[PDB]
$ cat work_25.txt   # compact mmCIF, C-alpha atoms
# COMPACT_ATOMS: atom_id res chain seq x y z
CA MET A 1 -21.78 1.93 -1.22
CA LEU A 2 -18.44 3.14 -2.54
CA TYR A 3 -15.64 0.64 -1.84
CA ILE A 4 -11.93 1.52 -2.10
CA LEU A 5 -9.90 -1.42 -3.41
CA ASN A 6 -6.17 -1.73 -4.32
CA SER A 7 -6.55 -3.69 -7.49
CA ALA A 8 -9.04 -3.26 -10.33
CA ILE A 9 -11.01 -6.17 -8.94
CA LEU A 10 -14.77 -6.71 -9.18
CA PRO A 11 -15.77 -8.98 -6.27
CA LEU A 12 -19.31 -9.30 -7.57
CA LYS A 13 -22.12 -10.89 -5.59
CA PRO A 14 -23.15 -14.17 -7.20
CA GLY A 15 -26.74 -14.72 -8.43
CA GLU A 16 -26.95 -11.73 -10.72
CA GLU A 17 -25.65 -10.38 -13.97
CA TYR A 18 -24.10 -6.96 -14.06
CA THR A 19 -23.36 -4.04 -16.30
CA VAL A 20 -20.36 -2.07 -15.09
CA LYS A 21 -19.25 1.32 -16.30
CA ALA A 22 -15.53 1.98 -15.98
CA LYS A 23 -13.35 5.02 -16.41
CA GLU A 24 -10.05 6.28 -15.10
CA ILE A 25 -10.28 9.21 -12.68
CA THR A 26 -7.78 11.63 -11.28
CA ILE A 27 -6.57 11.98 -7.68
CA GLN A 28 -8.68 15.14 -7.49
CA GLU A 29 -11.80 13.32 -8.64
CA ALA A 30 -11.00 10.54 -6.12
CA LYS A 31 -10.66 13.17 -3.38
CA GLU A 32 -14.12 14.49 -4.30
CA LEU A 33 -15.50 10.98 -4.03
CA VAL A 34 -14.03 10.10 -0.65
CA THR A 35 -14.85 13.49 0.79
CA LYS A 36 -18.51 13.66 -0.35
CA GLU A 37 -19.73 10.06 -0.29
CA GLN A 38 -20.00 7.30 2.25
CA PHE A 39 -17.22 4.79 1.64
CA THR A 40 -15.74 1.58 2.94
CA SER A 41 -12.09 0.89 2.50
CA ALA A 42 -11.12 -2.66 1.66
CA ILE A 43 -7.46 -1.78 0.98
CA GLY A 44 -5.27 -4.76 1.88
CA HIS A 45 -1.87 -3.15 1.65
CA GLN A 46 -0.51 -0.70 4.23
CA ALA A 47 1.78 1.31 1.93
CA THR A 48 -1.11 1.75 -0.56
CA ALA A 49 -3.39 2.86 2.30
CA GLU A 50 -0.73 5.33 3.40
CA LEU A 51 -0.11 6.60 -0.14
CA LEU A 52 -3.81 7.12 -0.84
CA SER A 53 -4.41 8.75 2.54
CA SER A 54 -1.52 11.15 1.95
CA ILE A 55 -2.46 12.09 -1.67
CA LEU A 56 -6.19 12.39 -0.91
CA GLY A 57 -5.83 13.94 2.53
CA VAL A 58 -8.38 11.50 3.93
CA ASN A 59 -8.04 8.53 6.22
CA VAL A 60 -8.20 5.50 3.93
CA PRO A 61 -7.31 2.68 6.28
CA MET A 62 -6.08 -0.78 5.47
CA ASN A 63 -9.11 -2.99 6.08
CA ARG A 64 -8.61 -6.59 5.01
CA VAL A 65 -12.30 -7.47 4.88
CA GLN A 66 -14.08 -9.59 2.32
CA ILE A 67 -16.61 -7.54 0.38
CA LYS A 68 -19.19 -8.32 -2.27
CA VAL A 69 -20.41 -5.61 -4.56
CA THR A 70 -23.89 -5.49 -6.01
CA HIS A 71 -26.24 -3.29 -7.98
CA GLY A 72 -25.78 0.39 -7.19
CA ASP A 73 -22.32 0.01 -5.62
CA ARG A 74 -19.17 1.73 -6.89
CA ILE A 75 -15.54 0.79 -6.64
CA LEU A 76 -12.63 3.22 -6.55
CA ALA A 77 -9.73 0.95 -7.59
CA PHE A 78 -6.03 1.63 -7.14
CA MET A 79 -4.27 -0.25 -9.92
CA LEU A 80 -0.48 -0.46 -10.31
CA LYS A 81 0.73 0.17 -13.88
CA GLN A 82 2.90 -2.97 -13.93
CA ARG A 83 2.00 -6.51 -13.00
CA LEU A 84 4.00 -7.94 -10.14
CA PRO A 85 4.59 -11.65 -9.49
CA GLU A 86 2.21 -13.22 -7.01
CA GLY A 87 3.51 -13.06 -3.46
CA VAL A 88 5.50 -9.87 -4.08
CA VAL A 89 4.46 -7.19 -1.62
CA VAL A 90 5.66 -3.63 -2.30
CA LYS A 91 7.13 -2.17 0.89
CA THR A 92 7.19 1.58 0.26
CA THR A 93 4.99 4.33 -1.06
CA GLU A 94 7.95 5.53 -3.14
CA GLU A 95 8.08 2.22 -4.98
CA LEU A 96 4.32 2.39 -5.69
CA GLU A 97 4.78 5.85 -7.17
CA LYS A 98 7.74 4.83 -9.29
CA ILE A 99 5.98 1.76 -10.64
CA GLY A 100 3.08 4.11 -11.28
CA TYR A 101 -0.61 3.70 -10.74
CA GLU A 102 -4.05 4.49 -12.05
CA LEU A 103 -7.30 5.12 -10.25
CA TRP A 104 -10.38 3.59 -11.85
CA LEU A 105 -14.01 4.09 -10.98
CA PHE A 106 -16.39 1.20 -11.61
CA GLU A 107 -20.13 1.78 -11.32
CA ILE A 108 -22.14 -1.43 -10.85
CA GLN A 109 -25.76 -2.13 -11.79
CA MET B 1 -9.30 -11.59 -27.56
CA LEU B 2 -10.35 -13.78 -24.65
CA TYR B 3 -7.91 -13.53 -21.73
CA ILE B 4 -7.84 -16.03 -18.83
CA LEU B 5 -7.00 -14.32 -15.54
CA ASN B 6 -6.86 -15.67 -11.94
CA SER B 7 -8.57 -12.81 -10.22
CA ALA B 8 -11.66 -10.85 -11.25
CA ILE B 9 -9.39 -8.07 -12.44
CA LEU B 10 -10.07 -5.63 -15.28
CA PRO B 11 -6.68 -4.38 -16.52
CA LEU B 12 -8.31 -1.84 -18.82
CA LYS B 13 -6.40 0.13 -21.42
CA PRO B 14 -6.26 3.80 -20.43
CA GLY B 15 -7.73 6.52 -22.71
CA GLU B 16 -11.22 5.11 -22.99
CA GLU B 17 -14.36 4.55 -21.02
CA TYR B 18 -15.89 1.12 -20.90
CA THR B 19 -19.11 -0.74 -20.39
CA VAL B 20 -18.50 -4.25 -19.10
CA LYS B 21 -21.05 -7.03 -18.88
CA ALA B 22 -20.36 -9.57 -16.15
CA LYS B 23 -21.85 -12.91 -15.24
CA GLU B 24 -20.75 -16.06 -13.48
CA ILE B 25 -20.28 -19.09 -15.75
CA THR B 26 -19.86 -22.76 -15.12
CA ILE B 27 -16.79 -24.95 -15.75
CA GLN B 28 -18.69 -26.40 -18.72
CA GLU B 29 -19.33 -22.95 -20.19
CA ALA B 30 -15.64 -22.11 -19.59
CA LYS B 31 -14.65 -25.30 -21.40
CA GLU B 32 -16.79 -24.23 -24.36
CA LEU B 33 -15.04 -20.87 -24.38
CA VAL B 34 -11.47 -22.15 -24.26
CA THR B 35 -12.17 -24.89 -26.77
CA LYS B 36 -13.95 -22.73 -29.40
CA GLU B 37 -12.29 -19.32 -29.15
CA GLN B 38 -8.80 -17.93 -29.46
CA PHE B 39 -7.47 -17.19 -25.98
CA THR B 40 -4.43 -15.91 -24.16
CA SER B 41 -3.71 -17.10 -20.68
CA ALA B 42 -2.39 -14.53 -18.25
CA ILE B 43 -2.68 -16.85 -15.23
CA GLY B 44 0.06 -15.98 -12.72
CA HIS B 45 -0.28 -18.91 -10.36
CA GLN B 46 0.88 -22.43 -11.19
CA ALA B 47 -1.62 -24.36 -9.03
CA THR B 48 -4.50 -22.33 -10.55
CA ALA B 49 -3.14 -23.04 -14.05
CA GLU B 50 -2.96 -26.73 -13.18
CA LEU B 51 -6.45 -26.77 -11.63
CA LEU B 52 -8.04 -25.02 -14.60
CA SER B 53 -6.18 -27.19 -17.11
CA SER B 54 -7.33 -30.34 -15.30
CA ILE B 55 -11.02 -29.30 -14.90
CA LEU B 56 -11.29 -27.88 -18.44
CA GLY B 57 -9.15 -30.50 -20.14
CA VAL B 58 -7.24 -27.79 -21.98
CA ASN B 59 -3.73 -26.47 -21.60
CA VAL B 60 -4.11 -23.20 -19.69
CA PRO B 61 -0.52 -22.30 -18.93
CA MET B 62 0.83 -19.95 -16.33
CA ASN B 63 1.87 -16.88 -18.32
CA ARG B 64 2.93 -13.96 -16.17
CA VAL B 65 2.53 -11.33 -18.87
CA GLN B 66 1.13 -7.84 -18.53
CA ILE B 67 -2.05 -7.44 -20.55
CA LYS B 68 -4.38 -4.56 -21.30
CA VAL B 69 -7.93 -5.23 -22.32
CA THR B 70 -9.89 -3.01 -24.65
CA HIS B 71 -13.14 -2.82 -26.56
CA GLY B 72 -14.28 -6.20 -27.83
CA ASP B 73 -12.08 -8.25 -25.47
CA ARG B 74 -13.40 -10.76 -22.93
CA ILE B 75 -11.97 -11.99 -19.67
CA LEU B 76 -12.56 -15.40 -18.14
CA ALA B 77 -11.68 -14.76 -14.49
CA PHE B 78 -10.91 -17.35 -11.83
CA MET B 79 -11.90 -15.80 -8.52
CA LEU B 80 -11.36 -17.45 -5.13
CA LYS B 81 -14.42 -17.29 -2.84
CA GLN B 82 -12.40 -15.94 0.11
CA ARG B 83 -9.99 -13.04 0.25
CA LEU B 84 -6.47 -13.98 1.21
CA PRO B 85 -3.90 -11.63 2.75
CA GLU B 86 -1.50 -10.07 0.29
CA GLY B 87 1.64 -12.13 -0.18
CA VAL B 88 -0.12 -15.42 0.60
CA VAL B 89 0.34 -17.85 -2.27
CA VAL B 90 -1.82 -21.00 -2.25
CA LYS B 91 0.38 -24.03 -2.89
CA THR B 92 -2.06 -26.76 -3.92
CA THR B 93 -5.02 -27.30 -6.17
CA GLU B 94 -6.77 -29.02 -3.26
CA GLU B 95 -6.58 -25.84 -1.19
CA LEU B 96 -8.01 -23.78 -4.09
CA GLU B 97 -10.93 -26.19 -4.32
CA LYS B 98 -11.58 -26.16 -0.59
CA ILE B 99 -11.48 -22.39 -0.39
CA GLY B 100 -13.81 -22.50 -3.38
CA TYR B 101 -13.88 -20.46 -6.54
CA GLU B 102 -16.08 -18.84 -9.13
CA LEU B 103 -15.56 -18.30 -12.83
CA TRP B 104 -16.72 -14.96 -14.17
CA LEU B 105 -16.98 -13.78 -17.74
CA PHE B 106 -16.49 -10.09 -18.43
CA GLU B 107 -17.30 -8.72 -21.88
CA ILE B 108 -15.66 -5.35 -22.60
CA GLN B 109 -16.82 -2.61 -24.98

$ encode --input "work_25.txt" --output "structure tokens"
Amino acid sequence: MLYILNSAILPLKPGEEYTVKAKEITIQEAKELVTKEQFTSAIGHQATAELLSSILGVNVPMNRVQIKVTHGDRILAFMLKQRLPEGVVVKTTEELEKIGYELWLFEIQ
Amino acid sequence: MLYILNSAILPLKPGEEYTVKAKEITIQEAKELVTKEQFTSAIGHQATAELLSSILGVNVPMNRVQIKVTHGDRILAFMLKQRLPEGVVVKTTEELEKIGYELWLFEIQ
């Protein structure tokens, strides 16, 4: 399964060791992923869900579910380019864009 | 460099692709790491810093710095066993322990 997350987090299933390949991808590559592959959104932030949905032209909903990734899964991670203090919640898509972000693809095995 | 982080995050330096090995480690293994290796704490949460410092018997300070990890770096990640809503900041070490946590070691190349 491909999971869409809004930090470069690896919520790995315990009991195993993993090798994870990681690279940055473009919005266009992300669009290809979410248009051609099954995916589950685990985005926990509404403005990020809205930004991604707008820039990818796909419905990427906020879905505050706990997930565990295992062998064969992939993660498309939205990662802000600056670290924010804990508790700080960005309110607008414009702020996310001005802070800047990267999309990373992690492939788990 | 070994970095100590309080989520299973991979703040990877852009411009490269990575292979990352990941496994869960024990508190004792973590103690060995932070006692025998150079390390930089990037823990952004005081109660987590205090919990880790207490259970490892080493000074792991809160240090809200932006970091970027690259080839040859390692990350010791504190990861809570349940996902909390964004903005929610745990106030006590007792709550962290009752939610439960895992320590993961990521080795980047």

$ interface_residues --input "work_25.txt" --of "chain B" --to "chain A" --cutoff "10 Å" --atoms "only C-alpha atoms" --output "VMD selection string"
chain B and resid 7 to 24 44 to 45 64 to 67 79 to 90 102 104 106 to 109

$ closest_residue --input "work_25.txt" --among "A:77, A:99, A:56, A:49" --to "residue 25 in chain A" --atoms "all atoms listed in the file"
A:77

$ residues_around --input "work_25.txt" --residues "residue 42 in chain B" --least-positions-apart "6" --cutoff "7 Å" --atoms "all atoms listed in the file" --output "JSON, numbers by chain"
{"B": [3, 4, 5, 62, 63, 64, 65]}

$ closest_residue --input "work_25.txt" --among "A:58, A:1, A:52, A:105" --to "residue 38 in chain A" --atoms "all atoms listed in the file"
A:1

$ atom_distance --input "work_25.txt" --atom1 "CA of residue 73 in chain A" --atom2 "CA of residue 40 in chain A"
10.9 Å

$ atom_distance --input "work_25.txt" --atom1 "CA of residue 103 in chain A" --atom2 "CA of residue 35 in chain A"
15.8 Å

$ atom_distance --input "work_25.txt" --atom1 "CA of residue 72 in chain A" --atom2 "CA of residue 72 in chain B"
24.5 Å

$ closest_residue --input "work_25.txt" --among "A:93, A:53, A:2, A:26" --to "residue 71 in chain A" --atoms "only C-alpha atoms"
A:2

$ axis_aligned_box --input "work_25.txt" --around "range 94-100 of chain A" --padding-each-side "8 Å" --output "AutoDock Vina command-line options"
--center_x 5.6 --center_y 3.8 --center_z -7.2 --size_x 21.0 --size_y 20.1 --size_z 24.1

$ closest_residue --input "work_25.txt" --among "A:76, A:91, A:61, A:97" --to "residue 29 in chain A" --atoms "only C-alpha atoms"
A:76

$ closest_residue --input "work_25.txt" --among "A:54, A:101, A:60, A:46" --to "residue 34 in chain A" --atoms "all atoms listed in the file"
A:60

$ build_atoms --input "work_25.txt" --residues "range 70-96 of chain B" --atoms "N, CA, C and O atoms" --output "JSON list (two decimals), in the coordinates of the input"
[["chain", "number", "residue", "atom", "x", "y", "z"],
["B", 70, "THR", "N", -9.22, -4.10, -24.01],
["B", 70, "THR", "CA", -9.89, -3.01, -24.65],
["B", 70, "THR", "C", -11.24, -3.45, -25.20],
["B", 70, "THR", "O", -11.74, -4.55, -24.92],
["B", 71, "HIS", "N", -11.85, -2.57, -25.99],
["B", 71, "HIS", "CA", -13.14, -2.82, -26.56],
["B", 71, "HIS", "C", -13.13, -4.10, -27.37],
["B", 71, "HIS", "O", -12.23, -4.33, -28.18],
["B", 72, "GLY", "N", -14.11, -4.96, -27.09],
["B", 72, "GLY", "CA", -14.28, -6.20, -27.83],
["B", 72, "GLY", "C", -13.61, -7.40, -27.17],
["B", 72, "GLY", "O", -13.86, -8.54, -27.58],
["B", 73, "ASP", "N", -12.73, -7.15, -26.20],
["B", 73, "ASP", "CA", -12.08, -8.25, -25.47],
["B", 73, "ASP", "C", -13.04, -8.87, -24.45],
["B", 73, "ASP", "O", -14.03, -8.28, -24.06],
["B", 74, "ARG", "N", -12.70, -10.09, -24.04],
["B", 74, "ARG", "CA", -13.40, -10.76, -22.93],
["B", 74, "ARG", "C", -12.39, -11.30, -21.95],
["B", 74, "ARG", "O", -11.23, -11.55, -22.30],
["B", 75, "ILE", "N", -12.83, -11.44, -20.70],
["B", 75, "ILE", "CA", -11.97, -11.99, -19.67],
["B", 75, "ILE", "C", -12.73, -13.14, -19.03],
["B", 75, "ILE", "O", -13.88, -12.98, -18.61],
["B", 76, "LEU", "N", -12.07, -14.28, -18.95],
["B", 76, "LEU", "CA", -12.56, -15.40, -18.14],
["B", 76, "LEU", "C", -11.75, -15.32, -16.86],
["B", 76, "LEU", "O", -10.56, -15.57, -16.90],
["B", 77, "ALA", "N", -12.37, -14.96, -15.76],
["B", 77, "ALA", "CA", -11.68, -14.76, -14.49],
["B", 77, "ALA", "C", -11.94, -15.88, -13.50],
["B", 77, "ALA", "O", -13.10, -16.17, -13.23],
["B", 78, "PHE", "N", -10.87, -16.46, -12.97],
["B", 78, "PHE", "CA", -10.91, -17.35, -11.83],
["B", 78, "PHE", "C", -10.84, -16.49, -10.60],
["B", 78, "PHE", "O", -9.84, -15.78, -10.39],
["B", 79, "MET", "N", -11.84, -16.60, -9.74],
["B", 79, "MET", "CA", -11.90, -15.80, -8.52],
["B", 79, "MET", "C", -12.13, -16.70, -7.30],
["B", 79, "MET", "O", -13.15, -17.37, -7.21],
["B", 80, "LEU", "N", -11.19, -16.71, -6.37],
["B", 80, "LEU", "CA", -11.36, -17.45, -5.13],
["B", 80, "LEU", "C", -12.52, -16.85, -4.34],
["B", 80, "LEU", "O", -12.74, -15.64, -4.37],
["B", 81, "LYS", "N", -13.23, -17.70, -3.59],
["B", 81, "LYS", "CA", -14.42, -17.29, -2.84],
["B", 81, "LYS", "C", -14.10, -16.62, -1.49],
["B", 81, "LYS", "O", -15.02, -16.15, -0.81],
["B", 82, "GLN", "N", -12.84, -16.63, -1.09],
["B", 82, "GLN", "CA", -12.40, -15.94, 0.11],
["B", 82, "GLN", "C", -11.21, -15.07, -0.25],
["B", 82, "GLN", "O", -10.40, -15.42, -1.11],
["B", 83, "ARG", "N", -11.10, -13.94, 0.43],
["B", 83, "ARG", "CA", -9.99, -13.04, 0.25],
["B", 83, "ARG", "C", -8.83, -13.52, 1.08],
["B", 83, "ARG", "O", -9.00, -13.80, 2.27],
["B", 84, "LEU", "N", -7.66, -13.62, 0.47],
["B", 84, "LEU", "CA", -6.47, -13.98, 1.21],
["B", 84, "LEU", "C", -5.59, -12.76, 1.45],
["B", 84, "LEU", "O", -5.58, -11.83, 0.65],
["B", 85, "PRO", "N", -4.81, -12.76, 2.54],
["B", 85, "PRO", "CA", -3.90, -11.63, 2.75],
["B", 85, "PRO", "C", -2.94, -11.48, 1.60],
["B", 85, "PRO", "O", -2.57, -12.47, 0.98],
["B", 86, "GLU", "N", -2.46, -10.27, 1.36],
["B", 86, "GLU", "CA", -1.50, -10.07, 0.29],
["B", 86, "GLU", "C", -0.20, -10.79, 0.63],
["B", 86, "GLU", "O", 0.20, -10.85, 1.77],
["B", 87, "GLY", "N", 0.42, -11.37, -0.38],
["B", 87, "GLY", "CA", 1.64, -12.13, -0.18],
["B", 87, "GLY", "C", 1.40, -13.61, -0.02],
["B", 87, "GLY", "O", 2.32, -14.40, -0.21],
["B", 88, "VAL", "N", 0.18, -14.00, 0.38],
["B", 88, "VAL", "CA", -0.12, -15.42, 0.60],
["B", 88, "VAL", "C", -0.34, -16.06, -0.74],
["B", 88, "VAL", "O", -1.15, -15.58, -1.54],
["B", 89, "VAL", "N", 0.40, -17.14, -1.00],
["B", 89, "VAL", "CA", 0.34, -17.85, -2.27],
["B", 89, "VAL", "C", -0.11, -19.28, -1.98],
["B", 89, "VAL", "O", 0.60, -20.02, -1.36],
["B", 90, "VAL", "N", -1.29, -19.65, -2.47],
["B", 90, "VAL", "CA", -1.82, -21.00, -2.25],
["B", 90, "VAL", "C", -0.91, -21.98, -2.97],
["B", 90, "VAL", "O", -0.47, -21.71, -4.07],
["B", 91, "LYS", "N", -0.57, -23.10, -2.32],
["B", 91, "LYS", "CA", 0.38, -24.03, -2.89],
["B", 91, "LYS", "C", -0.23, -25.18, -3.65],
["B", 91, "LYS", "O", 0.43, -25.72, -4.52],
["B", 92, "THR", "N", -1.46, -25.55, -3.34],
["B", 92, "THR", "CA", -2.06, -26.76, -3.92],
["B", 92, "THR", "C", -3.40, -26.51, -4.59],
["B", 92, "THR", "O", -4.18, -25.65, -4.19],
["B", 93, "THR", "N", -3.72, -27.35, -5.57],
["B", 93, "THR", "CA", -5.02, -27.30, -6.17],
["B", 93, "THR", "C", -6.10, -27.69, -5.17],
["B", 93, "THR", "O", -7.19, -27.15, -5.23],
["B", 94, "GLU", "N", -5.80, -28.61, -4.26],
["B", 94, "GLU", "CA", -6.77, -29.02, -3.26],
["B", 94, "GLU", "C", -7.19, -27.87, -2.36],
["B", 94, "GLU", "O", -8.36, -27.73, -2.03],
["B", 95, "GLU", "N", -6.24, -27.03, -1.97],
["B", 95, "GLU", "CA", -6.58, -25.84, -1.19],
["B", 95, "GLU", "C", -7.48, -24.88, -1.98],
["B", 95, "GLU", "O", -8.41, -24.32, -1.41],
["B", 96, "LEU", "N", -7.18, -24.66, -3.27],
["B", 96, "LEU", "CA", -8.01, -23.78, -4.09],
["B", 96, "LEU", "C", -9.44, -24.30, -4.10],
["B", 96, "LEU", "O", -10.39, -23.55, -3.99]]
